[PDB]
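In: would you be able to build a 3D model of this:
(chains A and B, ligands or ions: 4)
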Amino acid sequence: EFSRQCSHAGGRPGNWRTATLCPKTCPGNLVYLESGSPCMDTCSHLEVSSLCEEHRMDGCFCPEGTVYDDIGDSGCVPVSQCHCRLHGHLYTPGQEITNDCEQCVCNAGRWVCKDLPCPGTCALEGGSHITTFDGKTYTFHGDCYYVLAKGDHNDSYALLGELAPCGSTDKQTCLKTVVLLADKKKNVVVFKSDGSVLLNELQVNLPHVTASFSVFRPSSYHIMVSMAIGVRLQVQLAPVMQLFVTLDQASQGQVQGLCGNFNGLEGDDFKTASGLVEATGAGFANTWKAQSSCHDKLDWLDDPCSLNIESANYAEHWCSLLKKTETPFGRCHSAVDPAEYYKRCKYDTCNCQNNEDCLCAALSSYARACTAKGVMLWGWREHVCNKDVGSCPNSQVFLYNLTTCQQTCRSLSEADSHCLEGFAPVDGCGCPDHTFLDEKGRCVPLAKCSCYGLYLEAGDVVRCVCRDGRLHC
Amino acid sequence: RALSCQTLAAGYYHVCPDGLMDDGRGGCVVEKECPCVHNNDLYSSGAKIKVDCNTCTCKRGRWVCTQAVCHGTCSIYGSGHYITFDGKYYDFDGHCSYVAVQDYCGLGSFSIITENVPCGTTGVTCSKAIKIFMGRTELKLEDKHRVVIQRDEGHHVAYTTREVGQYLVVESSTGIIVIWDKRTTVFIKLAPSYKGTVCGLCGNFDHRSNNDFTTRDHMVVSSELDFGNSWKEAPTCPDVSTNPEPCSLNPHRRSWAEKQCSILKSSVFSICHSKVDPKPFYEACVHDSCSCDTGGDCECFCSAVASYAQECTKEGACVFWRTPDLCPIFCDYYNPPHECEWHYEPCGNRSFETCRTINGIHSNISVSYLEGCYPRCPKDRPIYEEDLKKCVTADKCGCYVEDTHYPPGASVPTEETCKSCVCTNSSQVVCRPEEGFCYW
Ligand SMILES: *[C@@H]1O[C@H](CO)[C@@H](O[C@@H]2O[C@H](CO)[C@@H](O)[C@H](O)[C@H]2NC(C)=O)[C@H](O)[C@H]1NC(C)=O
Ligand SMILES: *[C@@H]1O[C@H](CO)[C@@H](O)[C@H](O)[C@H]1NC(C)=O
Ligand SMILES: [Ca+2]
Ligand SMILES: [Ca+2]
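Out: Numbering: from 1, shown residues only, chains lettered A, B, ... in the order given. Ligands and ions are numbered 1, 2, ... in the order given. Sure, the structure comes next:
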């Protein structure tokens, strides 16, 4: 008590507790002292003492240096031993890690990080839901041709898209056609929402590989286009037409359109082509019309779940499955937050008139974002959208990892002409279960795949004997 | 081939004759006299407009603007809604003292902390105090008042505290500004000399918003609840695991909340619909109204609506939305017995004369868009003294020394030695020496 009064008045007493005079003990090398600041540096919260609004008293403290260990459980260890943490695991000072777009190394207490290249993705989903290269989700409900994205230099390329009314009212829109202008705008390719891809107003056959770009159709419900410049396109034809565009990281700030500028800032995304930035989502979009005759639209300040009451219960009862941890989507909760997808699921299910189709289209966007960060949702079509899972042809079965180069015999004949990389796996009917797709019908085993020219039966000889897939020419 | 002054940059891929192009206003016009558009408004050639620090001009259907760097702004409001310096909205509900901003980013000159506490029973939390460390001085905004602590002996970095409208404004001569509505809202403004040298819940202010989720140890994360949890102050404070959903935990309060907050989407704010997106404010209004379930829930709603009305004013749309039945404001309480001078100014666009600005002292920001009651001092004593909220003559206002008001004539306190001071009868603070040893 005398010492406590000594310290409280303003004085600073010295140590009197000896090993034989009422000693005190603390775990580790925590030395007991009198008149020492309680504001301690703890290996994570450094520079506490600069903001110390308190006077001092007795207790167990640390030596002059050797900030107290907080992340670990040791005593007053030196500064250059602080162990790093990252969502649990305790990383030693020298162990490296590679995050999403950067790699980091645990220096003394603090990570040192360095950027890694990683591309960008614009998405046009649902009837009207546009995600730019920098997030910035917004809803448009347009009616015209629009310039989705085009290289700014003079000619490089251009990618358009037809947004138009789709049901009864103006508030139910759809994507109807995708037009690509490439090769110095000397080649026009058209994708309609019934397949029937056509080049220069002429039907074409798939696959079609050229010097500048190439197109493929791996599963009859997905058309995947690659461009030598660094553009990659995925077009989904069911249950509702959608578009995904991926760009390399060497074109940062050289793109303009409804997909933004791709420069890292998501506040100038609405920056019109004539200077200043807009405020709403429709104001900015109207300035990118490809036909002067189209009219101007305005935002819609309503929720479809309030105008169609009979649909609200249906929309909720199913779209709420995204937050149920026991459900298969519950696995993805670790990686990607489902809130935005849930809200958009309710919006689409309430709004459109083919409620099940919109439900399945919205629910199949979560199972693509999640399937891009490792976690792959296996067998999520068992209750919700199994309307066509069992309808696969004779030997075909619904697969979730149907990539491009699981193709027929001729794909193995070349095996290096069309295996474009950087394309996410997609689902659909197939059976490359070591039974390589035949020239037609059931997917035959490797033994008699074919000999691809023309595809012959498994009984021919050139002297290059016909055999399982490969040829000993 | 039919250009329209809006498809100029499009390309015309897929009436007026050749040459002239449609302008959208009427008859066909040449390219030179082609007008400009902005926020659904059509401006002819040679116009002028301002954007928050600059001025622009419609030249050839294209805007040409000056290039000066505006200040940086972070916003904290509601039951845990944050807007960083680079424009990235998010939510976070913690119960501890968190670093709002600071300069000790891996040696520093300031720090701004916040104190979040639970308000409701659904688990949400809201700010209720602020602390400002400048050099060694520590201001604290608390209980509707400003309290000085540990005032440094002789450095006393120049600051200035005053009250504008319904808000309390604290400025620092170094370039820091704090605006506080006295209940939960906070705006932090920084000068462009701090660019890319801060860190905290408000991001690092570098005109790049893909790295504002930088944790305390210089790691970039993708989760709100991990970014937030790493900036707590006391290590013993718990960690947040999930964001509560108020309207789902209080079903019976939803019907009211969705009906009162619907005014934002009504015709009353029809002018502002084309300039500020109302959805992220409607969501906040509904989120706040479902949570204030322990009393005084008519105050959570008025502030939420005011947050949007203020932005509408800031963008150039002065809207009058209060009525005797909806968030009434009681201004004439400040008037003398029955002389009528204080008036409710819906959008604060008034510049009058105080006894600070009368002596050349000027601020560095325009705060001419804050709601509240304002004076209209008469013509027989037209100088508004602030520390007493009084209209007085140009002679008898005060001295304003060391951020402390002293009435004219009153012997000015002085923390010096042998130096007495007095406010003259001319609003002039003057000091004399006393040889009682010491000299002049
Ligand atoms: C507005 O900003 C200016 C710019 O610094 C401030 O002027 C500074 O004032 C302090 C003390 O009054 C001086 O030490 C600095 O040298 C001044 N700056 C310059 C560049 O000369 C001014 O104080 C700010 N406004 C207010 C009300 O403080
Ligand atoms: C798809 O995944 C399944 C997992 O059961 C497995 O057959 C294989 O990894 C993939 N199938 C292929 C590549 O044909
Ligand atoms: Ca951008
Ligand atoms: Ca930043």
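
In: contacting residues for the closest residue to residue B:385 other than its chain neighbours?
Out: Counting by C-beta to C-beta, 6 or more residues apart in numbering or on different chains, residue B:385 lies nearest to residue B:397, which is 4.5 Å off, once chain neighbours are set aside. To be clear about C-beta, it is placed using only N, CA and C from the backbone, and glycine gets the same treatment. By C-beta atoms under 8 Å, 6 or more residues apart in numbering or on different chains, the contact set of residue B:397 is B:355, B:358, B:383, B:385, B:408, B:427.

In: surely residue B:397 is within a strand?
Out: No. Read with DSSP: H, G, I helix; E, B strand; the rest coil, residue B:397 is coil and lies in no strand.

In: distance check, residue A:470 against residue A:436.
Out: Relative to residue A:436, residue A:470 is positioned 11 Å away (C-beta to C-beta, to the nearest Å).

In: joint contacts of those two?
Out: Counting by C-beta under 8 Å, 6+ apart, the common neighbours of residue A:470 and residue A:436 are residue A:412.

In: give me the neighbour count for the nearest residue to residue A:29 once chain neighbours are set aside.
Out: Spatial nearest neighbour of residue A:29, excluding adjacent residues (C-beta to C-beta, 6+ apart): residue A:75 at 4.4 Å. Residue A:75: 17 surrounding residues under other C-beta atoms under 10 Å in any protein chain shown.

In: SS state for residue A:75?
Out: State at residue A:75, reduced to three classes by three-state DSSP: coil.

In: contacts only, for it.
Out: Per C-beta under 8 Å, 6+ apart, neighbours of residue A:75: A:27, A:28, A:29, A:30, A:62, A:68, A:69.

In: run through the residues that contact the fourth one.
Out: When the contact criterion is C-beta under 8 Å, 6+ apart, the partners of residue A:30 are A:60, A:61, A:62, A:75, A:76.

In: now, the most widely separated pair of these?
Out: Distances among those were taken as C-beta to C-beta; the most separated pair is A:61 and A:75, at 11.2 Å.

In: and stretch A:186-205, what's buried?
Out: For stretch A:186-205, a neighbour-count test (16 or more other C-beta atoms under 10 Å in any protein chain shown) marks A:188, A:189, A:190, A:191, A:193, A:197 as buried.

In: reformat these as TSV; add secondary structure and distance to residue A:339.
Out: TSV is the format used below for those (DSSP: H, G, I helix; E, B strand; the rest coil; distance: C-beta to C-beta, whole Å):
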residue	secondary structure	distance to residue A:339
A:188	strand	40
A:189	strand	37
A:190	strand	37
A:191	strand	32
A:193	strand	30
A:197	strand	36
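
In: look up the closest residue to the residue of the stretch 351-473 of chain A found nearest chain B, ignoring the ones flanking it.
Out: Using C-beta to the nearest C-beta, the single residue of the stretch 351-473 of chain A nearest to chain B is residue A:373, 9.8 Å away. Take residue A:373 and drop its neighbours on the chain: the residue closest to it by C-beta to C-beta, 6+ apart is residue A:335, 4.8 Å away.

In: so what's the closest residue to residue A:280 other than its chain neighbours up against?
Out: Among residues not flanking residue A:280 along the chain, residue A:299 sits closest, at 5.4 Å (C-beta to C-beta, 6+ apart). Counting by C-beta under 8 Å, 6+ apart, residue A:299 makes contact with A:280, A:281, A:282, B:273, B:277.

In: which ChimeraX command selects the buried ones in those?
Out: A single ChimeraX command suffices to select whichever of those are buried according to 16+ other C-beta under 10 Å:
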select /A:280,281,282 /B:273,277
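
In: nearest to ligand 3, of the contacts of residue A:299?
Out: Nearest to ligand 3 out of the contacts of residue A:299 is residue A:281 (C-beta to the ion; 14.6 Å).

In: measure that closest one to residue B:271 for me?
Out: Distance of residue A:281 to residue B:271, computed by C-beta to C-beta: 19 Å.

In: what of residue A:56?
Out: Taken as C-beta to C-beta, the span from residue A:56 to residue B:271 is 60 Å.

In: which one's more surrounded, these two?
Out: Just comparing residue A:56 and residue B:271: by other C-beta under 10 Å the higher neighbour count belongs to residue A:56, 17 against 13.

In: is it true that that one touches residue A:38?
Out: Yes. Assessed by C-beta atoms under 8 Å, residue A:56 is found in contact with residue A:38 at 6.9 Å.

In: before we move on, back to that, mind listing what the residue nearest to residue A:373 touches?
Out: Contacts of residue A:335 by C-beta under 8 Å, 6+ apart are A:370, A:373, A:374, A:375.

In: farthest pair in those residues?
Out: A:370 and A:374 (8.6 Å).

In: what about residue B:96, how many residues nearby?
Out: By the measure other C-beta under 10 Å, the count of residues near residue B:96 is 21.

In: and what of residue A:40?
Out: The number of residues packed near residue A:40 is 18, by other C-beta under 10 Å.

In: quick one: the residue nearest to it when sequence neighbours are not counted from residue A:109, how far?
Out: Distance criterion C-beta to C-beta, 6+ apart; nearest residue to residue A:40, sequence neighbours excluded, is residue A:68 at 5.4 Å. Distance of residue A:68 to residue A:109, computed by C-beta to C-beta: 12 Å.

In: surely the residue of the stretch 351-473 of chain A closest to chain B touches residue A:337?
Out: No. The pair residue A:373 and residue A:337 fails to qualify as a contact (C-beta under 8 Å) at a distance of 12.0 Å.

In: now do the contacts for the residue in the stretch 1-150 of chain B that chain A sits nearest to.
Out: Per C-beta to the nearest C-beta, residue B:63 is where the stretch 1-150 of chain B lies closest to chain A, at 3.1 Å. By C-beta under 8 Å, 6+ apart, residue B:63 lies in contact with A:274, A:275, A:276, B:36, B:38, B:56, B:57.

In: enumerate every residue touching the third one.
Out: Think residue A:276. By C-beta under 8 Å, 6+ apart, the contact set of residue A:276 is B:38, B:51, B:56, B:63, B:65.

In: now do the phi/psi pair for the third one.
Out: Backbone torsions for residue B:56, taken as degrees, to the nearest 10, come to phi -120, psi 170.

In: skipping its backbone neighbours, what lies nearest it in space?
Out: Residue B:56's closest residue in space is residue B:65 (C-beta to C-beta, 6+ apart), at 4.1 Å.
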